[PDB]
Structure formats: structure tokens, C-alpha cells
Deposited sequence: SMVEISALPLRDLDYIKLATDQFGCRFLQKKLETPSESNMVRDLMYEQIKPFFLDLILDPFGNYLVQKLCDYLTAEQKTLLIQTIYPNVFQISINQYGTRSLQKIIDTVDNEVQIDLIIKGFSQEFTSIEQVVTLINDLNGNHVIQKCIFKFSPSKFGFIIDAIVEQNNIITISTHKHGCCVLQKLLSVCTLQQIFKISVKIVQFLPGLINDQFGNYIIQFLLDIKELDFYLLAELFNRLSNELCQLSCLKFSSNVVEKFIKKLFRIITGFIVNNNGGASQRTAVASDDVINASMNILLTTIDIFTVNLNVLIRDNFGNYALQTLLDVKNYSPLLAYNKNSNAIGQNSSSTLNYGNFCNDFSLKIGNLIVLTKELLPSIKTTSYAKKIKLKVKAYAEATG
């Protein structure tokens, strides 16, 4: 009986909030003969209520559907109407879906700059941006921005991250750490630098955090950061390297760090020159620390993985006068390690370490 009515007489604002009414409208937008007609008729009636529909359990579906048919002028007017409410929209269960879809179908820079304006401090505080980055619903909007927009629009995200100690609030959060990684995967090198400075600054609250440890590891995979990050991290952590190797989360960073030293030095033998220099030094100094603390590391529930990584010839066979020092030091660690094998007979991983001293012997 609803289908018997001319489109001109429909109560669109009433149908948008109704489930089956909304579905009916979406179906009309999908019927090519009536799509433009019903789009224009419904648009004029619902435009005072754009915010209301965006936040609505059924209305949000209509808004999403509309995004596939709206003219550039219609979409622009829509965004002009709701850009100051991006925070409230983003934390909303239904709003997040609407906004993602809107960002996903922008037609031009005018529209993008309007959304970005709404995320600026004129309408959304730094603290609110931090909230969005960690929010169950909002983090998806921030991600959409990251994958849809040019990094030249990332100001409000970068500004919020580097403010005071927000790097902690974000990197140690279950959603924020994921968001931060996606950002780093696509943003500009200079944007990476600014965030890395803050990450190094608050390293101790990050390196053994359940989520923060993934951030430190993510940085170690960015080659453009090698020229400073290796020396910078080692200098913050050297004095507690043994302790860090013996902790659940940071133990994985130590391994990642040791592997990275190996890949960099061996890549030279088989490639930035300055890195290599200090990478060789850090590696030698690391072997020394692990040699000194061998008795604790070989015995520790987490420390033994770091030790085994350092001892595995799969990682350093091209290295067999740095090669000279390395061979003496890694050889001596092997000797001392095997002397200790009977003192760990109990442990379930003794055979794994026996296998590595053996593999060393076969290679040498």
C-alpha cells in the first residue's frame, strides 16, 4: 500500500527511522527509473535532520545508501551540515558507519577539507582525538581517514599523538596501538620522525607494555629509521638489556633488535655505511652483556629465547677485523654455554640450546 503512493507524497523522514521503511527507500534508490527522483525528493525533506539520521539505528543505513547516489553538490551540503559534529558521530555506534561511508565516497578536496576542519581543534580537542583513536567505534573513522586521505591532511592525528605523553595513552591501548601502526605505514617520513621522538622519549613505559612492545618492533622494521634508531634505543636500554630480555613483552623487542643487527651487518658482507659501523659495535657490546649474564639468561623463562636468537648461526654464518672480534666473542659464548648445559638438565629447552651449539660446531 506504501508502493501505491506517488513518490511526491512520501513521508521520507518517517520512513528513514523505520526499519522496513528505510529498506523500502534504499530499494527505490536502487531502482534506476526512480533513483534520481526519489533521491532528490527525499534529500530536500531530510536535510534538516542529517545529524539525526546519521546517528539513527535505521537512518544510518539510508545515509550510507545515499552516498552512492548523491550529486557532488548534495554531498557537499551534507558535509557542510555535519562537519562540526565529527567527534559525536564517530563515537556513535551508528554514526561511525555513516561517517566511514561518507569519507569513503568524497568527491573532491573541498569535501575532504571540510571533514578535516571538523577534526581540527576549532571543533574537536586534542583529548577528543586521543579518545577517538582508542574508542571502540571511533578508531574505525580514524583508520578510514588514514587510508582515504593524503598524509598532508594528517595534522590533527599527528598533533594529538605528540602532545605531552599521549604516545603512552595510545601505544599502550588495544585499539590505539593498531591505529598507530596503520598511520606509520602510510604517513610521511617527517611525520614518522615526530612520532618516533615521542616514542623514544617514553620508551620505558612502552618497551615492556603488552601493546607498546609491538610499536617498538614496528619502528625497527622501518629502514629509513636505521641511521638513528639503533644507536638511540641501545643507548637507552643497554644498562637494563639483561632485565629486558627476561620480561614477557620486551623480550620480543630484544630479539627483534638482535635479528635486525644481524640482517644489517650480513647484508653488507653479501646497506647504509654509517648504520653498519655502529651496528657492528652494538652487536659486539651485546654479546659481551649476554656473556656476562649467561647464567641468568640461559635459565630464564623468557631470557633463553633472546640467548638462542643470539646463538643461532642461521643469523650470522656469513660472519663465520670486526669478523675477527665477532668470531672470538660468539665462539667464547658458545664454549661457556655448553659448560652450563648440565646445570639446566631439568629445563625443557636444553635440547634446543644443545642443537644450537652443535649447529655452530658443524658450521665451524
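Coordinate coverage of the deposited sequence is interrupted at 1-3, 274-285, 336-355, 400, where no C-alpha atom was modelled.
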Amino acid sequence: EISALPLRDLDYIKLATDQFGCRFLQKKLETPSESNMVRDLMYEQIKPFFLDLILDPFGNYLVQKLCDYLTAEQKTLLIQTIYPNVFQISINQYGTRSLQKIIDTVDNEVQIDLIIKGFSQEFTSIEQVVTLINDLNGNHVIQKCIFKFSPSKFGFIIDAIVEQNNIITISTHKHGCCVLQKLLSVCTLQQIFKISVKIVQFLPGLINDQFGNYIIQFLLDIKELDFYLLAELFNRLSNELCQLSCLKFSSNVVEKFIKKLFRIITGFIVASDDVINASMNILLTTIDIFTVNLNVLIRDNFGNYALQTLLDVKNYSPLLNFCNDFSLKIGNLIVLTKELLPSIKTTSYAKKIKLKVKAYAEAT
From here on, numbers count along this sequence of modelled residues.
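Think of the rigid core as the biggest set of C-alphas that the two forms share within 1.5 Å after superposition.
When the other structures are laid on the shown form by the rigid core, the stretch among 272-280 and 74-82 with the greater C-alpha deviation in 4 other deposited structures of this protein turns out to be 272-280. On average the C-alpha atoms of 273-281 have higher B-factors than those of the other stretch, with 185-193 and 273-281 being the two compared.
Of the two stretches examined, 63-71 and 24-32, the record assigns the greater average C-alpha temperature factor to 24-32. Highest CA B-factor among the listed residues (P151, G267, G95, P84): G267.
In the deposited entry, the Cα temperature factor of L237 sits in the top third of values across the chain's modelled residues. When the modelled residues of the chain are ordered by their C-alpha B factor, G138 lands in the lowest third.
For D107, the recorded CA temperature factor ranks within the middle third of the chain's modelled residues. Per-chain ranking of the deposited C-alpha B factor places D288 in the highest third. Ranked by Cα temperature factor within the chain, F50 sits in the lowest third according to the deposited record.
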